[PDB]
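So the structure is just underneath, and the comments pick up after that.
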Amino acid sequence: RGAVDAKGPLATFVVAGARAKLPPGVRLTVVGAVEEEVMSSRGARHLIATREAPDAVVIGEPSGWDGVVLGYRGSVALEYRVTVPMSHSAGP
Amino acid sequence: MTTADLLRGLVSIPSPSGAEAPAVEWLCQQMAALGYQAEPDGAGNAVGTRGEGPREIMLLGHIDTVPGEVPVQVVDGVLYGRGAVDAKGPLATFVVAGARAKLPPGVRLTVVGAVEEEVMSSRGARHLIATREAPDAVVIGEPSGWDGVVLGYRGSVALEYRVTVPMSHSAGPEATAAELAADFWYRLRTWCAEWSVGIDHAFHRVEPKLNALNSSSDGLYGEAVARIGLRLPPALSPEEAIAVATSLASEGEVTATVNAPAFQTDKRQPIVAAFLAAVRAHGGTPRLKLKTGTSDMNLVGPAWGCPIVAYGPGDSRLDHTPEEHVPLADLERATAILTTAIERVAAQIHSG
Amino acid sequence: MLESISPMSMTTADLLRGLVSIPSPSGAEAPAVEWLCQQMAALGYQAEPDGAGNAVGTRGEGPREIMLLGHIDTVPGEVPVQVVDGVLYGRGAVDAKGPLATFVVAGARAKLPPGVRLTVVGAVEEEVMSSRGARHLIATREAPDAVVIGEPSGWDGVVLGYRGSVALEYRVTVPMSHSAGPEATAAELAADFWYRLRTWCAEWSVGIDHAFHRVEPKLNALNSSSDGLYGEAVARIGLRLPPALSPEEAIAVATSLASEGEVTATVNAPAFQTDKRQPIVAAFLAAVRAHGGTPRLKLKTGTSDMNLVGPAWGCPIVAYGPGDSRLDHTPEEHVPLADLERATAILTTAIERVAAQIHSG
Amino acid sequence: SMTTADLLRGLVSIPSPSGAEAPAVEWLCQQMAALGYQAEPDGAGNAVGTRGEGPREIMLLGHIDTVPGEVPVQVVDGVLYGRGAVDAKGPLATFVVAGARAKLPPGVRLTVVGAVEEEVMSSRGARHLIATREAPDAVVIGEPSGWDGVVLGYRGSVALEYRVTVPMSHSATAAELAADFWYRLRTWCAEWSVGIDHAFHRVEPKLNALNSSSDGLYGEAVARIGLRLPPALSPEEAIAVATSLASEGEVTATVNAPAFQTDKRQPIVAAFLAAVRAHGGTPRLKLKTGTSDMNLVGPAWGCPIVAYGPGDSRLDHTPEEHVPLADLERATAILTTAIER
Amino acid sequence: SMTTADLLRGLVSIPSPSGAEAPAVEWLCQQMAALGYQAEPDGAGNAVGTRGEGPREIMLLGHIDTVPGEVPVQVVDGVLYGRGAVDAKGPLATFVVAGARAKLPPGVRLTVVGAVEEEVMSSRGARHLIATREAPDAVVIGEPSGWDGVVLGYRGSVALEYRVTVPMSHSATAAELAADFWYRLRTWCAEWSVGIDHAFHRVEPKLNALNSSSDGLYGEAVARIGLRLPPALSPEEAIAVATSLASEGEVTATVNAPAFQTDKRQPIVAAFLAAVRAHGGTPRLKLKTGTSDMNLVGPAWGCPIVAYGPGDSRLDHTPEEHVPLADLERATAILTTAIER
Ligand SMILES: [Cl-]
Ligand SMILES: [Cl-]
């Protein structure tokens with residue numbers, strides 16, 4: 001559970017982050033946020049409310065090792081509603 | 001007693017299919033004052049009989065209506081009320097005429113107000129067929145227009161499509177129950193439409209009606225149920241239609257109930273000739289029609305094999321509509337035409 | 001066809017009584033339409049049902065047109081039609097056969113200048129359905145030069161438009177536990193969003209006696225459930241917006257008010273308003289005062305044809321009609337006979353006043 | 001490696017009545033995953049694991065659902081008791097083991113399916129395969145044929161529902177009408193099937209439930225009827241008959257499938273016969289009274305198809321449903337020999 | 001002008017059991033509108049019509065709902081039968097007629113209320129008045145006091161629900177436990193109320209329903225109990241007692257109201273006494289066994305309050321509930337004389 005969503009990417013973050021050679025003047029913060037999956041992301045919202053915006057962000061979600069995710073599709077929820085008087089007809 | 005008056009009282013007693021007893025009671029009470037021996041049968045059918053003899057003329061109408069009540073009122077000559085057209089109008093005409101008709105000796109006059117006709121059961125009609133022996137003539141109490149006579153009605157089948165879909169993760173590929181149920185409706189709608197191309201009259205068409213489509217989700221399994229009415233022309237049997245519907249369902253479950261196949265009577269039949277002649281005798285120009293919906297005519301026609309037509313004042317296009325109504329004058333207009341028709345059919349019967 | 005009668009002869013009360021007698025819930029307006037078309041034909045209109053079965057009667061001549069857009073359909077049910085102590089009871093007396101009757105009579109009384117048409121419409125399927133009437137007009141007719149919507153504004157009131165509408169959904173999911181402290185459950189969380197949002201709306205519109213200039217919330221539904229692991233809750237809220245509070249503004253507040261939950265939002269109606277300084281408003285303000293009234297500028301809360309033909313045609317538009325709109329869709333819907341004729345006199349002048357503006361050009 | 005017997009009790013120990021197959025399916029897939037199958041549940045909840053590589057496919061279609069009733073899972077002197085021991089977790093477990101044991105040519109992939117809802121009328125587990133999968137080159141249905149038996153076919157199935165209403169006043173009760181309908185239906189089928197040797201060729205109605213109730217002002221009664229059809233009598237024909245006996249009540253009908261049978265001299269039959277015979281058995285070709293998902297995937301796919309598995313079908317749906325553990329080992333090896341050929 | 005009798009049958013002919021008052025309310029308002037009241041239903045569905053002008057208000061609070069059961073509406077020699085003839089459409093119709101007949105001073109407005117749900121435990125019709133209206137200066141409750149009777153009070157009411165579960169195996173049935181709970185409750189009340197003269201001062205439990213069921217593995221039983229309380233025993237106290245007798249089961253309680261009584265020497269009482277006496281009657285002051293909306297609006301509003309109306313309360317909820325038509329005319333005139341003073 002979470003091998004793909006998203007402990008795999010999180011594990012990769014931890015290891016690669018500790019292996020990565022950093023130049024001077026650069027910090028590296030790795031975050032295992034909470035309550036993202038079933039809840040309203042108390043984790044990330046807390047970061048926003050308490051921390052300065054970092055200079056770059058990599059999101060730990062499965063893109064595949066040979067894939068890179070640039071963002072997300074827009075979502076729209078539609079509701080169609082109709083009311084018609086009753087009758088005996090069986091036409092279209 | 002006037003037809004419009006009886007109807008005015010008749011339409012004031014709510015009698016949706018399955019809750020007919022109050023109206024049935026009141027009607028049995030009224031028919032006695034007109035000369036009938038009135039009594040609700042084992043099914044709850046209001047039954048009024050008068051006279052006696054080897055023969056019998058049954059005026060078979062129905063007392064039940066579809067739900068949804070139309071506030072009862074008379075405005076500018078027109079009576080508004082649930083079932084005023086379908087079919088308490090024709091039933092009131094039946095009652096008045098039958099007790100007004102000059103009865104020859106050796107002829108029974110039976111007036112029936114059947115229960116649950118407006119539903120799949122036709123519990124009242126099926127009871128009549130199961131317990132009574134065949135009449136020598138049957139007049140069906142449905143709206144034909146006072147200047148019109150109905151020769152037949154389409155048959156019908158009731159379908160229920162059920163399907164359940166679980167949860168893998170495929171929010172993209174493997175899809176929803178509502179989609180699967182809508183997929184079934186499209187298939188059936190398409191098939192019926194392809195069959196029915198070019199055909200001008202609905203009676204000779206096969207037309208489906210998606211009466212209901214409901215999906216739900218409990219968090220575990222999604223479910224979808226479609227309730228469909230199939231209207232059948234003569235050229236398409238209930239068995240074949242059901243077989244077709246069953247074959248269209250890919251993953252769902254199709255459930256079917258047969259009411260009756262289509263039924264019609266030849267215009268060359270004497271009873272038709274009489275009613276055509278009946279309408280002219282009161283300043284009318286008779287019209288012959290074949291209708292979209294189904295009737296108890298489709299049951300008693302085959303089961304009893306006697307001569308039969310549908311006659312009743314009113315616009316059948318107002319069936320099941322929020323302001324169903326009928327002009328008061330058409331009532332007594334059809335009452336006179338019907339009183340005549342009964343007296344003449346009784347003669348041909350007595351004749352042989 | 002009936003013989004031509006005097007437009008002055010028939011009173012609005014007379015016409016309304018006949019009109020309110022005929023049942024016409026949405027979808028079943030045909031007998032009402034036929035009757036009204038006959039009546040209008042007798043009053044000097046050229047009256048006939050259009051493509052959608054709308055009752056349409058025209059007067060005048062020319063390249064300019066004032067449309068009086070009312071509806072002939074109602075909610076179902078019969079309010080026992082009776083006249084007692086100068087009050088007419090009946091279904092649609094206020095919504096909206098009263099305003100429609102006023103349209104017919106005032107339109108036939110109104111003196112028109114040359115080059116001006118006058119089209120009175122009794123539209124169908126506005127009340128319970130999706131306004132097949134008005135949508136048909138838009139699809140088949142040219143945009144008129146002025147539109148008066150037949151909705152109850154009161155005889156001494158003039159409606160400039162309608163408030164914006166926003167449907168909110170707050171949703172929250174929390175893990176189950178044994179605790180009984182504050183915000184322990186999803187339902188408590190959903191309920192408290194309602195309180196804090198309800199509080200804000202009151203804060204925003206403090207001291208505002210003009211109700212249509214207030215933001216007023218409504219908790220239409222609140223539900224909750226649990227699977228033993230998590231509890232969920234949903235609050236469905238309607239927000240009726242004043243002109244100075246756009247949806248996205250109100251939606252931003254709600255969003256900011258929610259922490260542990262997520263708020264989604266649908267804008268049901270963008271707010272819409274004809275400006276106070278506009279000629280058509282000047283005409284109606286003048287018309288009301290000309291007949292001894294103190295006119296009130298107001299907005300409709302509920303939706304109407306104004307919500308459709310407004311954004312479509314974009315022409316100057318107001319809503320006017322006798323009757324108290326609080327009585328809309330009520331078992332004893334009624335209107336005073338005095339208000340009918342008073343509104344008829346006022347609209348008569350207003351039509352003349354608008355036609356005067358248009359003719360001056 | 002795990003034997004079929006250790007696999008069976010684990011599956012039998014996990015209750016999976018129709019509608020509640022998820023934990024069983026879930027567990028079965030990891031058993032398939034541990035064994036090396038690419039295995040997850042599909043869109044309908046079927047347990048699916050597939051072997052090999054290529055465009056040619058053999059399918060071992062079993063079902064993981066069972067009828068209700070708690071049969072205590074226990075071993076009594078080499079005899080395993082439990083709901084599904086025969087119908088049909090035994091055959092399904094056999095599929096999982098023999099399916100991995102066998103060695104396949106290149107281009108030939110094997111797929112094991114633990115379908116849901118086979119026992120009930122929906123059969124939606126199999127129906128999802130028909131809707132979402134390409135037709136395999138051959139199918140083995142996972143039903144108890146016996147270790148030395150080969151099932152070539154099953155009867156069709158139509159469920160019937162009779163409902164009748166009578167007023168709670170004066171004039172036959174709802175119960176009497178419903179019972180007489182059953183009497184008519186039962187007699188029609190008995191007179192049709194008179195003197196016929198085997199169950200496969202007879203039409204047999206099954207009164208699963210009859211219940212009369214008092215609405216208050218109405219008397220009510222319903223009859224749940226299962227109908228098992230031979231090849232000679234189609235679902236369509238049987239419904240027409242059922243309709244004609246309704247009289248005062250109404251009959252509601254739901255078609256499962258017509259009867260189906262595999263032709264006796266098929267190469268796929270010879271393969272199993274040999275597998276039985278060469279493993280020291282005396283095969284008896286059987287045609288069974290009940291129905292199967294074979295009756296759906298058969299007419300749908302058209303590929304060579306048979307039913308095979310350990311277990312005596314007479315023990316199906318019984319309070320002490322059981323299978324000898326010895327039967328499991330042989331059936332696994334026999335299926336393997338069959339699979340190869 | 002319409003008499004109370006012609007008004008009554010029209011109302012009685014329109015069924016209005018609790019929950020289904022809308023058509024009755026709807027019709028009553030037009031009867032009030034035709035008579036000259038400003039009349040519409042309010043937010044809860046109460047039928048409301050108000051008279052006069054000003055800041056001072058007398059309220060005639062009746063109820064339009066009835067208990068179920070069809071009592072054939074008919075007149076038999078000046079006797080009107082029908083559900084609600086006594087309880088309480090009779091008093092309500094009397095309110096509508098006497099309420100219009102009387103002449104009022106300026107600043108004094110009269111309001112007639114046909115409340116919903118008085119008969120059931122919710123009493124939400126009256127509760128909506130408490131929530132949405134200013135307290136009137138006086139109230140007349142529309143209950144059958146008799147044409148020459150003045151009701152000063154009613155008992156309180158608490159509904160009790162006992163539920164008990166027992167396994168369907170081995171060791172008291174659900175029915176036995178529930179029955180013994182009733183036995184305990186019935187005995188406690190009887191021993192408390194022993195030798196007390198009138199029903200008003202006694203505590204009386206009412207076993208409206210006891211039903212045992214078999215869940216399948218559990219035996220179940222529920223008991224619906226109405227409890228009528230005297231002033232000496234509060235709802236709070238009575239629930240504590242009920243709780244203490246639960247033992248193996250649980251008791252669920254819902255408070256209607258405590259007992260209420262109008263003090264015998266009130267000016268509003270004198271007004272009715274006079275109205276009775278001056279109209280040739282011999283008034284008997286009564287305290288009734290049942291409850292009323294008086295028990296809610298009383299403690300809420302605190303204004304002078306009494307119950308008056310035609311009808312014998314013993315006929316309440318009976319299969320042939322009826323009132324003499326003669327009683328209607330007198331009650332209307334008496335209420336009028338009372339109203340004026
Ligand atoms: Cl044989
Ligand atoms: Cl005492």
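Ordered as shown in the structure tokens, chains take letters A, B, and onward, while each chain numbers its residues from 1 and ligands are numbered from 1 in the order shown.
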
- Message: When you look at range 182-184 of chain E with a cut-off of 10 Å (counting only C-alpha atoms), what residues show up, excluding the ones that are within fewer than 6 positions of it in the same chain? I need them as a ChimeraX atom specification.
- Response: /E:162,176,190,205-207,210,223,225,242,245-246

- What residues in chain A have any atom no more than 12 Å from chain C when counting only C-alpha atoms, and can you write them as JSON, numbers by chain? {"A": [35, 36, 37, 38, 39, 40, 41, 42, 43, 44, 45, 46, 49, 75, 76, 77, 78, 79, 80, 81, 82, 83, 84, 85, 86, 87]}

Residue selection dump (C-alpha atoms) as a compact mmCIF listing (two decimals), in the first residue's frame:
# COMPACT_ATOMS: atom_id res chain seq x y z
CA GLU A 35 -3.69 13.83 5.25
CA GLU A 36 -3.38 14.26 1.47
CA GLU A 37 -5.12 11.07 0.37
CA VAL A 38 -8.51 10.91 2.11
CA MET A 39 -8.60 14.34 3.75
CA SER A 40 -8.21 18.01 2.86
CA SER A 41 -4.40 18.16 2.85
CA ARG A 42 -3.71 19.61 6.31
CA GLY A 43 -0.07 18.90 5.51
CA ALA A 44 0.51 21.17 2.51
CA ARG A 45 -1.85 23.87 3.79
CA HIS A 46 0.21 24.06 6.98
CA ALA A 49 0.63 29.04 6.23
CA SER A 75 -11.95 19.51 -13.79
CA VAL A 76 -15.58 20.49 -14.26
CA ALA A 77 -18.63 19.04 -12.50
CA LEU A 78 -21.79 19.37 -14.58
CA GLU A 79 -25.42 19.01 -13.57
CA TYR A 80 -28.15 18.78 -16.18
CA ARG A 81 -31.72 19.11 -14.93
CA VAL A 82 -35.01 18.87 -16.78
CA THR A 83 -38.70 18.97 -15.88
CA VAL A 84 -41.51 17.95 -18.24
CA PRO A 85 -45.28 17.53 -17.83
CA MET A 86 -46.53 13.94 -17.66
CA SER A 87 -48.37 12.49 -20.65

- Query: Within 8 Å of chain E, which residues of chain C show up when using only C-alpha atoms, listed as a ChimeraX atom specification?
  - Reply: /C:80,82,84-85,331-332

- Name the residues, by chain letter and number, that sit within 10 Å of ligand 2 using only C-alpha atoms and all ligand atoms, and give them as JSON, numbers by chain. {"E": [193, 195, 196, 197, 198, 199, 200, 201, 202]}

Take the residues from that selection and put them in a file with N, CA and C atoms, as a compact mmCIF listing (two decimals), in the first residue's frame.
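Okay, again-v5.txt is ready:
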# COMPACT_ATOMS: atom_id res chain seq x y z
N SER E 193 -50.76 6.32 42.45
CA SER E 193 -52.03 7.02 42.26
C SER E 193 -53.19 6.42 43.04
N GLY E 195 -56.22 5.34 45.13
CA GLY E 195 -57.29 6.03 45.84
C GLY E 195 -57.50 7.49 45.49
N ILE E 196 -56.81 7.98 44.47
CA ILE E 196 -56.99 9.35 44.01
C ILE E 196 -58.30 9.49 43.23
N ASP E 197 -59.06 10.54 43.54
CA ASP E 197 -60.39 10.75 42.98
C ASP E 197 -60.41 10.82 41.45
N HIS E 198 -59.84 11.89 40.90
CA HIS E 198 -59.97 12.17 39.47
C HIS E 198 -58.71 11.85 38.66
N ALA E 199 -58.91 11.61 37.36
CA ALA E 199 -57.82 11.24 36.45
C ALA E 199 -56.71 12.29 36.38
N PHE E 200 -57.09 13.56 36.52
CA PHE E 200 -56.14 14.67 36.42
C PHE E 200 -54.98 14.55 37.40
N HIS E 201 -55.25 14.01 38.58
CA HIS E 201 -54.24 13.94 39.63
C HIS E 201 -53.50 12.61 39.67
N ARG E 202 -53.92 11.67 38.83
CA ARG E 202 -53.27 10.36 38.78
C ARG E 202 -52.19 10.34 37.71

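Nearest residue to chain B, choosing from C:48, C:78, C:339, C:65 and counting only C-alpha atoms: C:78.
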
- Task: Extract, using only C-alpha atoms, all DNA, RNA and protein residues at most 10 Å from residue 238 in chain D, discarding same-chain residues fewer than 4 positions from it, and format them as a list in words.
- Result: residues 239 of chain B; 157, 158, 189, 203, 227, 228, 229, 233, 234, 242, 243, 244, 253 and 255 of chain D

- Message: Please find the residues of chain D near chain B - the criterion being any atom within 8 Å, counting only C-alpha atoms - and write them as a ChimeraX atom specification.
- Response: /D:41-45,122,124,127-128,130-131,165-167,170-171,236-237,239-240,243,247-255

- Fewer than 5 positions away in the same chain doesn't count, so skip those; otherwise give me all residues within 10 Å of residue 9 in chain A, counting only C-alpha atoms, as a ChimeraX atom specification. /A:2-4,14,59-65

Dump of N, CA and C atoms for the selected residues, as a PDB file, in the first residue's frame:
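Below is the file selection14.pdb, written as the result:
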ATOM      1  N   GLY A   2       0.720   2.073  -1.038  1.00  0.00           N
ATOM      2  CA  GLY A   2       1.469   3.311  -1.132  1.00  0.00           C
ATOM      3  C   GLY A   2       2.753   3.170  -1.925  1.00  0.00           C
ATOM      4  N   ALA A   3       3.006   1.968  -2.432  1.00  0.00           N
ATOM      5  CA  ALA A   3       4.195   1.698  -3.239  1.00  0.00           C
ATOM      6  C   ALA A   3       4.286   2.669  -4.411  1.00  0.00           C
ATOM      7  N   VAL A   4       3.132   2.973  -4.991  1.00  0.00           N
ATOM      8  CA  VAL A   4       3.043   3.926  -6.084  1.00  0.00           C
ATOM      9  C   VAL A   4       2.496   5.264  -5.588  1.00  0.00           C
ATOM     10  N   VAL A  14      13.727  10.979  -0.335  1.00  0.00           N
ATOM     11  CA  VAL A  14      14.628  10.879   0.805  1.00  0.00           C
ATOM     12  C   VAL A  14      16.036  10.460   0.388  1.00  0.00           C
ATOM     13  N   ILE A  59       6.885  17.648  -6.745  1.00  0.00           N
ATOM     14  CA  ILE A  59       5.795  16.935  -6.091  1.00  0.00           C
ATOM     15  C   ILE A  59       5.993  15.425  -6.186  1.00  0.00           C
ATOM     16  N   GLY A  60       5.905  14.746  -5.044  1.00  0.00           N
ATOM     17  CA  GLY A  60       6.087  13.305  -4.988  1.00  0.00           C
ATOM     18  C   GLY A  60       4.867  12.515  -5.412  1.00  0.00           C
ATOM     19  N   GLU A  61       4.659  12.430  -6.720  1.00  0.00           N
ATOM     20  CA  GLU A  61       3.579  11.638  -7.285  1.00  0.00           C
ATOM     21  C   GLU A  61       4.157  10.773  -8.397  1.00  0.00           C
ATOM     22  N   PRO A  62       3.560   9.595  -8.631  1.00  0.00           N
ATOM     23  CA  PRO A  62       4.090   8.697  -9.663  1.00  0.00           C
ATOM     24  C   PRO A  62       3.966   9.274 -11.069  1.00  0.00           C
ATOM     25  N   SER A  63       5.107   9.472 -11.719  1.00  0.00           N
ATOM     26  CA  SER A  63       5.144   9.948 -13.090  1.00  0.00           C
ATOM     27  C   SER A  63       5.761   8.867 -13.959  1.00  0.00           C
ATOM     28  N   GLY A  64       6.250   7.818 -13.306  1.00  0.00           N
ATOM     29  CA  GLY A  64       7.103   6.845 -13.958  1.00  0.00           C
ATOM     30  C   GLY A  64       8.523   7.370 -13.892  1.00  0.00           C
ATOM     31  N   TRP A  65       9.501   6.473 -13.890  1.00  0.00           N
ATOM     32  CA  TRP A  65      10.894   6.896 -13.821  1.00  0.00           C
ATOM     33  C   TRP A  65      11.300   7.664 -15.072  1.00  0.00           C
TER      34      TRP A  65
END

- Neighbour list for residue 326 in chain D as a ChimeraX atom specification, cut-off 9 Å, only C-alpha atoms, skip fewer than 5 positions in-chain: /D:5,78-79,331

- range 160-314 of chain D: residues DSSP assigns to strand (DSSP E or B), reported as an MDAnalysis selection string: chainID D and resid 160:167 204:214 218:229 250:257 260:261 284:288 305:307

Using only C-alpha atoms, please write the residues we just selected to a file, as a PDB file, in the first residue's frame.
ATOM      1  CA  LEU D 160     -39.526 -16.567 -12.776  1.00  0.00           C
ATOM      2  CA  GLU D 161     -41.423 -14.339 -10.384  1.00  0.00           C
ATOM      3  CA  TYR D 162     -45.167 -14.633  -9.870  1.00  0.00           C
ATOM      4  CA  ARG D 163     -46.977 -11.911  -7.947  1.00  0.00           C
ATOM      5  CA  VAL D 164     -50.702 -11.817  -7.202  1.00  0.00           C
ATOM      6  CA  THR D 165     -52.923  -9.400  -5.274  1.00  0.00           C
ATOM      7  CA  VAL D 166     -56.353 -10.054  -3.749  1.00  0.00           C
ATOM      8  CA  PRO D 167     -58.521  -7.716  -1.655  1.00  0.00           C
ATOM      9  CA  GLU D 204     -37.530 -28.751 -14.293  1.00  0.00           C
ATOM     10  CA  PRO D 205     -39.138 -25.878 -12.356  1.00  0.00           C
ATOM     11  CA  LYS D 206     -37.904 -25.080  -8.867  1.00  0.00           C
ATOM     12  CA  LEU D 207     -40.084 -23.407  -6.241  1.00  0.00           C
ATOM     13  CA  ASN D 208     -37.406 -21.633  -4.223  1.00  0.00           C
ATOM     14  CA  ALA D 209     -39.820 -19.506  -2.213  1.00  0.00           C
ATOM     15  CA  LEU D 210     -43.542 -18.918  -1.885  1.00  0.00           C
ATOM     16  CA  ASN D 211     -44.671 -16.237   0.537  1.00  0.00           C
ATOM     17  CA  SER D 212     -48.138 -14.825   1.130  1.00  0.00           C
ATOM     18  CA  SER D 213     -48.610 -11.586   3.063  1.00  0.00           C
ATOM     19  CA  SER D 214     -51.451  -9.368   4.255  1.00  0.00           C
ATOM     20  CA  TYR D 218     -55.033  -6.561   0.104  1.00  0.00           C
ATOM     21  CA  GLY D 219     -53.837 -10.128   0.300  1.00  0.00           C
ATOM     22  CA  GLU D 220     -50.451 -10.528  -1.355  1.00  0.00           C
ATOM     23  CA  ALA D 221     -48.363 -13.508  -2.450  1.00  0.00           C
ATOM     24  CA  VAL D 222     -45.097 -13.944  -4.331  1.00  0.00           C
ATOM     25  CA  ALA D 223     -43.410 -17.045  -5.742  1.00  0.00           C
ATOM     26  CA  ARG D 224     -39.710 -17.195  -6.590  1.00  0.00           C
ATOM     27  CA  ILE D 225     -39.166 -19.856  -9.254  1.00  0.00           C
ATOM     28  CA  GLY D 226     -35.993 -21.100 -10.906  1.00  0.00           C
ATOM     29  CA  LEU D 227     -36.435 -22.930 -14.202  1.00  0.00           C
ATOM     30  CA  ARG D 228     -33.832 -25.253 -15.727  1.00  0.00           C
ATOM     31  CA  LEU D 229     -34.039 -25.716 -19.487  1.00  0.00           C
ATOM     32  CA  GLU D 250     -48.356 -11.534 -13.494  1.00  0.00           C
ATOM     33  CA  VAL D 251     -45.128 -13.353 -14.307  1.00  0.00           C
ATOM     34  CA  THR D 252     -41.815 -11.502 -14.309  1.00  0.00           C
ATOM     35  CA  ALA D 253     -38.989 -13.287 -16.142  1.00  0.00           C
ATOM     36  CA  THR D 254     -35.199 -12.905 -16.274  1.00  0.00           C
ATOM     37  CA  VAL D 255     -33.107 -14.922 -18.741  1.00  0.00           C
ATOM     38  CA  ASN D 256     -29.736 -16.297 -17.666  1.00  0.00           C
ATOM     39  CA  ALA D 257     -28.794 -18.402 -20.675  1.00  0.00           C
ATOM     40  CA  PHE D 260     -25.202 -25.392 -23.732  1.00  0.00           C
ATOM     41  CA  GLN D 261     -23.285 -28.548 -24.612  1.00  0.00           C
ATOM     42  CA  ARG D 284     -17.269 -40.802 -17.634  1.00  0.00           C
ATOM     43  CA  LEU D 285     -18.557 -37.963 -19.799  1.00  0.00           C
ATOM     44  CA  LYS D 286     -21.182 -36.012 -17.884  1.00  0.00           C
ATOM     45  CA  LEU D 287     -23.965 -33.547 -18.595  1.00  0.00           C
ATOM     46  CA  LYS D 288     -25.105 -31.714 -15.467  1.00  0.00           C
ATOM     47  CA  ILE D 305     -14.742 -25.382 -24.079  1.00  0.00           C
ATOM     48  CA  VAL D 306     -15.195 -27.960 -21.301  1.00  0.00           C
ATOM     49  CA  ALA D 307     -15.762 -28.060 -17.547  1.00  0.00           C
TER      50      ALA D 307
END

- Item | Distance in Å - CA of residue 49 in chain B versus CA of residue 331 in chain B | 21.6 Å

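With CA of residue 12 in chain E on one side and CA of residue 277 in chain E on the other, the separation reads 29.3 Å.
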
- Task: Looking only at alpha helix (DSSP H) from DSSP on the backbone, list the matching residues of range 179-251 of chain D as a ChimeraX atom specification.
- Result: /D:179-192,235-244

- For residue 304 in chain E, list every protein, DNA or RNA residue within 10 Å, evaluated using only C-alpha atoms, and leave out those in the same chain fewer than 4 positions away; present the list as a ChimeraX atom specification. /E:58,136-140,262-263,266-269,298
